[PDB]
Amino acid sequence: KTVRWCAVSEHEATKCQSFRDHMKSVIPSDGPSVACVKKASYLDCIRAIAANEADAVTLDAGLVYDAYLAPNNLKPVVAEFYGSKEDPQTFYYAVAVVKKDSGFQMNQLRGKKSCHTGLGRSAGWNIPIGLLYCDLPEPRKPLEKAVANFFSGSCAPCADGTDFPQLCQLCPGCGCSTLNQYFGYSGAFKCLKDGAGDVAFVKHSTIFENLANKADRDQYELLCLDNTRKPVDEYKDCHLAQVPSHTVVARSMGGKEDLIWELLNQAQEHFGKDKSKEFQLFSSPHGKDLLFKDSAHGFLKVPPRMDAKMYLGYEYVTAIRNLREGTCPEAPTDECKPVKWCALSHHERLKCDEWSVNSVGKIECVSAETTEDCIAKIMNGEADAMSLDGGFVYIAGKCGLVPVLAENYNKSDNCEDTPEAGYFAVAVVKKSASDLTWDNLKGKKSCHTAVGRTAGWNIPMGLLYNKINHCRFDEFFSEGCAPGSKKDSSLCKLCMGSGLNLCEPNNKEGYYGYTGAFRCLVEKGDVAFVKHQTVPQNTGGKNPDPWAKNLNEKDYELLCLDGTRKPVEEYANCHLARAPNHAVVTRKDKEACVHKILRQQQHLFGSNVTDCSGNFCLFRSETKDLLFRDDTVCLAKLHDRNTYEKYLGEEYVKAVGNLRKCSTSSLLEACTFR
């Protein structure tokens, strides 16, 4: 079927027609076609797409912000990359290029003439105006007026020149396309080169695209954030910011995303930089950056889990919003808001609400159906914090979140001051059934806390993967229960959840978690991958529930790494590995706040509460480990370990890394995109 590509002005349209013609000549008559829709600005394109008049357009990431808002509701679907195919970069540097010997530094921009790629764009507008606008004198609104009065003349393509004449002074009419000579990276650079402006806000590659001679480039330099200047090839140490790459956008909820990828992937295969055919994707005799940037080297599909907000990233989204609404944030660490806890489905949501009531406004609740969904919400600001198994502390880390406190399990000296080395991942088997002794584990039945968890998955599958050297655990074992697995997998066959709950990584799946995995072993499995205290915790009437009330510790043993099968209590000499304690994670901007609030909360409702029936206890939940593990003694300080690498530690990081291939996690791929 055909993708209607939105071209802005006649030069993009000419390249678009050649694109179309060359694709017809090269792909089967059944594959992807491209058609061309002409519009007068990227914004006309966004609206055309939202209205089903076109399907695709490439946007600078700042402009992706505009496209994602209602009523447009567009989303990134295919991203440009730069650098090379051998080293794909999905980001670039915003720089400020000036002429050598103009004198002024970044903090001396007032009264200079500025050249911008376009209003609302990353390098050309959001980054540099973001750096200046909070020092601008009242009235700050509208932003354009303040910017107009700051510089003594600008070219800001797509600005309203009738309202703000000074913003088009260097480019009358602020034309929002390449028919305006000063439009875009190369137009803004030309604005500086001609001597119209004194500064051009563009990307790190712009000058190299426009001046091939080093001797010519020597007449320019960059403005660094520390109010010094450096040569134009030193952009790595002299840039204003790093920003996400330009990306093709399409309608959310039905925008032909696979057709667009199929078209572009086949396109980069025939007309990419490595194929000097009659048609090139990434250049044109009719101008630069037409349809895609000349600096792009190819396309990468955006991960399905990665929505527009995650594509831009928390920091940049927040900066944009504040820029548009003209607001200058008065520090998150000064206000310190209530903590929005993310509860895993309704079981946790109910406990969290009780907590919310008892915290009298310190704690608020949000819910999601999986740990990944919750982490994504913390990333984007819908929630603030949650406690995570080390396997997801790892993923959260890759997603840019940091650990703030650790659950501790060892009573009780000064628990908050005493960091623990970690609990133990063990392999539990039923005594006298029979020669189940590692090695011949193939074809057996396995129980896991959930896909992606330390003791339940990463540790054993890690060790398992070393042997078999393929990623198909679902056919190493004959079947099992591993919540979070593909619903058709044999590793879902043993799960107990009803209807659509089957194999869900939450408590609606009865086998999810430490206790659930033990129940799986007792009822269905041959081996349960759990923590070392699970068997003691769920035997001898410790678990009052009917399935466990009459179980006892003597009937279970541990699988040793050497084939031995010591009893449960000898975990210290018979474990698969050490597991770093679960930890609370949050965003950097809220870490101090969450830290303080959580310490006072556990002082109110921690493991020093009595009753637990009348009173609310933060670290009890029957047997379900709601919000925190039930054997949590307190939340403890991390000290130097406020980073996922530093916290989890070298051994476990490499052990998880060793399982990078095999990973099924859609959030991991999303967070690992740049």
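The first residue of the sequence shown is number 1, and the count goes up from there.
Visitor: Give the stretch, out of 455 to 463 and 432 to 440, with the larger mean C-alpha temperature factor in the deposited entry.
Guide: Looking at the record's C-alpha B-factors, the answer is 432 to 440.
Visitor: Tell me which of 353 to 361 and 307 to 315 has the higher mean C-alpha B-factor in the deposited entry.
Guide: Taking the mean C-alpha B-factor of 353 to 361 and of 307 to 315, the larger value falls to 353 to 361.
Visitor: So if I compare the CA B-factors in the entry for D135, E257, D384, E138, which one is the largest?
Guide: Comparing C-alpha B-factors across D135, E257, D384, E138, the top value belongs to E138.
Visitor: Looking at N538, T206, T370, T228, which has the highest Cα B-factor in the entry?
Guide: That would be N538.
Visitor: Give the position of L618 by CA B-factor within its chain, expressed as the lowest, middle or highest third.
Guide: For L618, the deposited C-alpha B-factor lands in the middle third.
Visitor: Grab the CA temperature factor for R20 from the record and place it in the lowest, middle or highest third of its chain.
Guide: According to the entry, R20 has a C-alpha B-factor in the chain's middle third.
Visitor: Lowest, middle or highest third: where is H582 by C-alpha B factor in its chain?
Guide: Ranked within chain, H582 CA B lands in the middle tercile.
Visitor: For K549, does the deposited CA B-factor place it in the lowest, middle or highest third of the chain?
Guide: Ranked within chain, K549 CA B lands in the highest tercile.
Visitor: Using the temperature factors of the C-alpha atoms in this entry, rank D611 within its chain: lowest, middle or highest third.
Guide: Highest third.
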